[PDB]
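Protein chains in written order, with PDB author numbering: chain A, 21 to 305, 313 to 353, 357 to 387; chain A', 21 to 305, 313 to 353, 357 to 387. A prime marks a further copy of an entry chain.
Cβ atoms here follow ideal geometry from the backbone N, Cα and C, with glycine treated the same way.
I have placed the structure first, in the form of structure tokens, so that the comments after it can refer back to it.
2 protein chains.
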Amino acid sequence: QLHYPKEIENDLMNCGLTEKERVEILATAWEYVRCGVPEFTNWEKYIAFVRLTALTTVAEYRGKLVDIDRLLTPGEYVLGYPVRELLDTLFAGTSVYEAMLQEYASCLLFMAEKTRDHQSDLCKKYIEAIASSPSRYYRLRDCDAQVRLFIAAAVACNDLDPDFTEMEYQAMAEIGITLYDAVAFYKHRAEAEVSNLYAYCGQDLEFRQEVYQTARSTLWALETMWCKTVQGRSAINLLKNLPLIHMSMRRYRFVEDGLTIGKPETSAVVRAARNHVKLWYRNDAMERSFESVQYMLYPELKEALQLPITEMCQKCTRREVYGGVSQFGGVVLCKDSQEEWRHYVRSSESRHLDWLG
Amino acid sequence: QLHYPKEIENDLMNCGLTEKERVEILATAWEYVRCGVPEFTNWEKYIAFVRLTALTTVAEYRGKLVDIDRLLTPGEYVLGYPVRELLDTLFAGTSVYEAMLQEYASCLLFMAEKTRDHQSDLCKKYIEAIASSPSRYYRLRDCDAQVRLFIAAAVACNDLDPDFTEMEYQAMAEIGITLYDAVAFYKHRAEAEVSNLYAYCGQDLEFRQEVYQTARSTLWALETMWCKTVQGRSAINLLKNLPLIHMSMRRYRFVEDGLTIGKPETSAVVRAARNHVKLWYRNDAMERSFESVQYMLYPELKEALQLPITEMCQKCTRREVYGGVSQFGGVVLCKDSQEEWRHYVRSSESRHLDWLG
Ligand SMILES: [Mg+2]
Ligand SMILES: [Mg+2]
Ligand SMILES: [Mg+2]
Ligand SMILES: [Mg+2]
Ligand SMILES: [Zn+2]
Ligand SMILES: [Zn+2]
């Protein structure tokens, strides 16, 4: 059975969602916030965050329902949520307010673009951008998985002002995505996902085991250094729980898969994702444009969407339309590019030790 | 690499432990407390708890090193730890002080008895007692896995006095052990463990999936009801993280097993446990007596060790010596007894909803 707070139990009504979708979305949102932000003090901000996460959850598989262009507009209700009021409740008066408005809007924008019927030109630029370099992959995947957003929101929900540097967010996101994309590897290969680190680094278990071990070891060092402050724990709890949600949350298959993690995906799981079982989304193979959406983009994504075509790797394999054709759904790196990514991911420890002080 | 606080880095020296054992023990202890007690305010109590957990870790595979009879003695150092000073720091002035002295001492007593060369008569009485009824199994496994102890310690490490009722501890332990013993099922079958719920309930995946799903569902209900208080979260965090340590802690095999959970154990894992890889212990097939140890026993264990032989199930299969002969190592329930256990574990939801209000 699904459990969530009475405050939200009448949310998302009269929206175009069935009763079964509506209760699964509210439960997913609650369970994600609980797992990623286990320590909090401010219930008003916490529930506003859960509501923003319910809207994220809708965007992640039924993007057509979500009016991306009204998310940051004062007074606009999106599926009954006053989105900008919720973001102001969570972040107004913090040092990351403006950046997190862009982070949230940019996330749902490419959630909805990826979960659209017909692939837009803007969506194609995104899919080619996240394959352009491992550092770019990590920064754009941060927004897509809301890693820095959850870390900042967690601090905000303890009535503190997040004080992380840019290089601190970047180190933290690389650690968390290295772990999460490893656990999600078979889920994501079933979704014909573009957004998985190992779609670009390569699919050999040896590499995945190695960099998973290094990421979890760096995260234990970080936990040991940071566990005595509320901001430190806010960060630790999000990162450490990213890989663990596959066992703790009903969004995932631990029970249905016979109490296992890490069994390769089957065409059965492919069809489950297509039919939105656990609110998954299979990307099978333009209306929004750069010009219409660029106000909501954080700087690195705005740059990523305008990369000079003359500097794109020609030995990497592109497609006219991305997604599943019945693997991963995006660019296939050439051996030179793939070695650049594997090198970058293997050099994490030295990079992170520097960035994290 | 292994990470733990500078405070403990010179612990457990000149003890009969190698440098490799010593650093693995300190890391295990730190990682367990971090995972089970992620939210705390009192660093002095926290570090005292980590030290008590380091001593637990020694008892769990090399019990011969641990002088059980000096654990509760004021002024006694056990492997360099002032055990009673540490317990007083953690629990003196709480409502559970006396019960937790008995809980800790009783735990390490049967850790050391189970991890002994020659099986004692007292150890044989324990192994037959935990197979006597599912309720008795759960209460004695609570102490063995330190479930109520960790929950009470967590509250204590937030400078609060644990206020849980006896039926609250019992509900919480059944939830946590139902989850933990399921994830540990293959580890434990490799250890020829006696202390696994499914050794008694039966080994069919269907049953395990069902009761795992019910336990995790009840725990999400409990989290949703209790998450707004520090005592509530203290309880939630321990229970929810029990099954997850198999992915988060280096004590476990997630990385070495190719980033998987739930692959059946092999004779290779059996030999790993025997050779104490990750500080595991294989029980392969009397000096301490009831009279010498009964001062440290909590009431239900003192009763369990004196059960009338006339009331033991004769259709259950006992052995002169327990442990591996190259499965689970204890009593094998008869079909009548096994159905009593499966019935009890399937009736958890109604039992827990009552006990938890
Ligand atoms: Mg997704
Ligand atoms: Mg996504
Ligand atoms: Mg054990
Ligand atoms: Mg044990
Ligand atoms: Zn290339
Ligand atoms: Zn019987």
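In this structure, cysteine 127(A') sits away from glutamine 190(A'), with a CB-CB distance that is not shorter than 9 Å. Neighbours of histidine 23(A') across chain A, judged by C-beta separation under 8 Å: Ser237, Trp240, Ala241, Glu243, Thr244. Using a Cβ-Cβ cut-off of 9 Å, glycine 282(A) counts as an interface residue toward chain A', since at least one Cβ of chain A' sits closer than that to its own.
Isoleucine 171(A') and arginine 302(A) have their C-alpha atoms some 41 Å from each other.
Taking a contact to require three or more Cβ pairs closer than 8 Å, the stretch 151-170 of chain A and the stretch 370-377 of chain A qualify as touching. The C-beta of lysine 260(A') comes closer than 9 Å to at least one C-beta of chain A. Within the same chain, and ignoring the five residues on either side of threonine 93(A') in sequence, the residues whose Cβ sits closer than 7 Å to its Cβ are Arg104.
Closest in C-alpha terms to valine 362(A), from the list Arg381(A), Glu379(A), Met339(A), comes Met339(A). For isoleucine 281(A), the pairing in a beta bridge is given by DSSP as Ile281(A'). Under the rule that a run must span 4 or more residues, the alpha helix (DSSP H) segments found entirely inside the stretch 24-94 of chain A read 39-56, 63-82. Within the stretch 30-55 of chain A, those residues whose Cβ lies closer than 9 Å to any Cβ of chain A' are, in chain order, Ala47, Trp50, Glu51, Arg54, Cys55. Put simply, the residues with a CB less than 5 Å from any heavy atom of ligand 5 are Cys340(A), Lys342(A), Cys343(A), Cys364(A), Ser367(A), in chain order. Judged by DSSP secondary structure, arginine 346(A) falls outside any alpha helix (DSSP H); it is assigned neither H nor E. When DSSP states are grouped into helix, strand and coil, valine 167(A') belongs to the helix group. For ligand 1, no non-hydrogen atom lies closer than 8 Å to the CB of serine 126(A).
Pairing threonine 48(A') with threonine 77(A') gives a Cβ-Cβ distance under 9 Å. A direct Cα-Cα distance of roughly 18 Å separates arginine 82(A) from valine 70(A). Per DSSP, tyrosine 124(A) has no beta-bridge partner at all. Under the three-state reduction of DSSP, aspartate 183(A) is assigned to coil, being neither helix nor strand. In chain order, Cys55, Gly56 place their CB closer than 7 Å to the CB of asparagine 261(A'), counting only its own chain and leaving out the 5 sequence neighbours on each side.
The CB of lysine 248(A') comes closer than 8 Å to the CB of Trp63 in chain A, given here in chain order. The alpha-carbon of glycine 100(A) is positioned some 12 Å away from that of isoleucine 28(A). When Cβ-Cβ separations below 9 Å define contact, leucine 363(A') makes no contact with chain A. Minimum Cα-Cα distance from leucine 258(A') among the listed residues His138(A'), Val214(A'), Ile197(A'), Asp181(A') corresponds to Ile197(A'). At least 9 Å separates the beta-carbon of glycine 359(A') from that of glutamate 123(A').
A buried status is given to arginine 168(A), since no fewer than 16 other beta-carbon atoms sit within 10 Å of its beta-carbon. In this structure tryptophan 63(A) is exposed. Its beta-carbon is surrounded by fewer than 16 other beta-carbon atoms within 10 angstroms.
Relative to the non-hydrogen atoms of ligand 4, the Cβ of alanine 210(A') never comes closer than 8 Å to any of them. Interface flag for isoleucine 171(A) against chain A' is unset, since no Cβ pair is found closer than 9 Å. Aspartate 304(A) is bridged by DSSP to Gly351(A). Interface annotation for the stretch 212-226 of chain A against chain A': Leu225, criterion Cβ-Cβ distance under 8 Å. Here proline 326(A) carries a helix assignment [DSSP, helix/strand/coil]. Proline 102(A) sits in a strand when the DSSP states are folded into three classes. For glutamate 276(A'), no alpha helix (DSSP H) encloses it, and the DSSP letter there is neither H nor E. In the structure shown, the three-state DSSP call for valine 362(A') is strand. Here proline 263(A) is buried. Its C-beta has 16 or more other C-beta atoms within 10 Å.
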